[PDB]
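Enquirer: Questions regarding the structure given below will be posed in turn.
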Amino acid sequence: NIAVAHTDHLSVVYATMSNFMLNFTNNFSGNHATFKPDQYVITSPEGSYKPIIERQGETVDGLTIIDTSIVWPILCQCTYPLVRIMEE
Amino acid sequence: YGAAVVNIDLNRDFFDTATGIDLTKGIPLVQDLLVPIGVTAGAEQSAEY
Amino acid sequence: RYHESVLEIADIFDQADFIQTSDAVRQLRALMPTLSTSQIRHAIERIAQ
């Protein structure tokens, strides 16, 4: 019932968001088996070492932890413009 | 005498408005049946055919 | 060197009371807008109306 709304609409939203100016990293290659992030540091002979990606655990921002349960509302309790009857 | 032109139309008396059909345009046109999604308003009209 | 393309089940199976493969129904579908299952359900609900 909702798959068209995902593939035939939201997918374009991903396709355009991917070209946004600030989405500069390569997040994922489509292959779980082999993909690893490119990993960088600012670093000096003087001794500084600053990884861009690093694991510090849960942060104040609330971006780090992921509740996967979010998928349920997306299926079982969310309307879409495509579904449904016609909407601009 | 004087009949300008004679067409062979679908019978409105048979395909009545009770059928939902609208034959006045020269084609059947049932509204709100196979309407397309994701298009601007008025783009639905061809599917009425 | 290839070309990806859709292939209707009617372009494969052609059974008389399994898959309607009349050229009439075929070209009738050729006329149809791309459809979701909600649209199909809407069509059924309209015919029922």
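In the structure tokens, chains take letters A, B, ... by order of appearance, with residues numbered from 1 within each chain and ligands from 1 in the order shown.
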For chain B against chain A, which residues fall within 7 Å using only C-alpha atoms, given as number ranges by chain?
Expert: B: 37-40
Enquirer: Considering only C-alpha atoms, extract the chain B residues located within 10 Å of chain C and return them as a list in words.
Expert: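 Contact residues on the first chain: residues 19, 20, 30, 31, 32, 33, 34, 35, 36, 37, 44, 46, 47, 48 and 49 of chain B.
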Enquirer: May I ask for the distance between atom CA of residue 24 of chain A and atom CA of residue 36 of chain A, given in Å to one decimal place?
Expert: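 Going from atom CA of residue 24 of chain A over to atom CA of residue 36 of chain A covers 15.8 Å.
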Enquirer: With only C-alpha atoms as the atoms that count, which of A:68, A:1, A:39, A:44 lies nearest to residue 26 of chain A?
Expert: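 The shortest atom-to-atom distance to residue 26 of chain A comes from A:39.
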Enquirer: Run DSSP on the backbone of this structure and report the residues of chain B it assigns to helix (DSSP H, G or I), as a PyMOL selection string.
Expert: chain B and resi 17-19+23-25+45-48
Enquirer: Kindly export the residues of the current selection with N, CA, C and O atoms, as an mmCIF file, in the first residue's frame.
Expert:
```cif
data_model
loop_
_atom_site.group_PDB
_atom_site.id
_atom_site.type_symbol
_atom_site.label_atom_id
_atom_site.label_comp_id
_atom_site.auth_asym_id
_atom_site.auth_seq_id
_atom_site.Cartn_x
_atom_site.Cartn_y
_atom_site.Cartn_z
ATOM 1 N N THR B 17 -25.816 8.318 -18.180
ATOM 2 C CA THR B 17 -25.034 8.932 -17.115
ATOM 3 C C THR B 17 -25.016 8.047 -15.864
ATOM 4 O O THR B 17 -24.175 8.219 -14.985
ATOM 5 N N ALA B 18 -25.973 7.124 -15.780
ATOM 6 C CA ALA B 18 -26.008 6.122 -14.720
ATOM 7 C C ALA B 18 -24.813 5.168 -14.808
ATOM 8 O O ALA B 18 -24.421 4.558 -13.810
ATOM 9 N N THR B 19 -24.256 5.033 -16.009
ATOM 10 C CA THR B 19 -23.036 4.255 -16.231
ATOM 11 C C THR B 19 -21.810 5.052 -15.796
ATOM 12 O O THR B 19 -20.701 4.523 -15.735
ATOM 13 N N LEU B 23 -20.569 10.955 -22.837
ATOM 14 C CA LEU B 23 -20.283 10.783 -24.257
ATOM 15 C C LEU B 23 -20.323 12.045 -25.127
ATOM 16 O O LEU B 23 -20.004 11.986 -26.315
ATOM 17 N N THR B 24 -20.679 13.181 -24.536
ATOM 18 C CA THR B 24 -20.932 14.394 -25.316
ATOM 19 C C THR B 24 -19.706 14.853 -26.095
ATOM 20 O O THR B 24 -19.834 15.535 -27.113
ATOM 21 N N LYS B 25 -18.526 14.476 -25.605
ATOM 22 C CA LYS B 25 -17.261 14.871 -26.219
ATOM 23 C C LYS B 25 -16.855 13.978 -27.385
ATOM 24 O O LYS B 25 -15.893 14.273 -28.092
ATOM 25 N N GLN B 45 -7.203 14.150 -16.830
ATOM 26 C CA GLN B 45 -8.289 14.127 -17.816
ATOM 27 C C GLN B 45 -8.190 13.088 -18.929
ATOM 28 O O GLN B 45 -9.215 12.632 -19.432
ATOM 29 N N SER B 46 -6.978 12.746 -19.354
ATOM 30 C CA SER B 46 -6.829 11.771 -20.431
ATOM 31 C C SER B 46 -7.221 10.369 -19.971
ATOM 32 O O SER B 46 -7.718 9.562 -20.756
ATOM 33 N N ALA B 47 -7.007 10.089 -18.690
ATOM 34 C CA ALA B 47 -7.279 8.761 -18.146
ATOM 35 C C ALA B 47 -8.775 8.495 -18.072
ATOM 36 O O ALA B 47 -9.213 7.346 -17.973
ATOM 37 N N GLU B 48 -9.551 9.571 -18.121
ATOM 38 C CA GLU B 48 -11.001 9.477 -18.156
ATOM 39 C C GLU B 48 -11.422 8.716 -19.408
ATOM 40 O O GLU B 48 -12.505 8.118 -19.447
#
```
Enquirer: Can you work out the spacing between atom CA of residue 12 of chain C and atom CA of residue 26 of chain C in Å, to one decimal?
Expert: 13.1 Å
Enquirer: Would you compute the distance between atom CA of residue 15 of chain C and atom CA of residue 48 of chain C? Give it in Å to one decimal.
Expert: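 So the answer is 27.6 Å.
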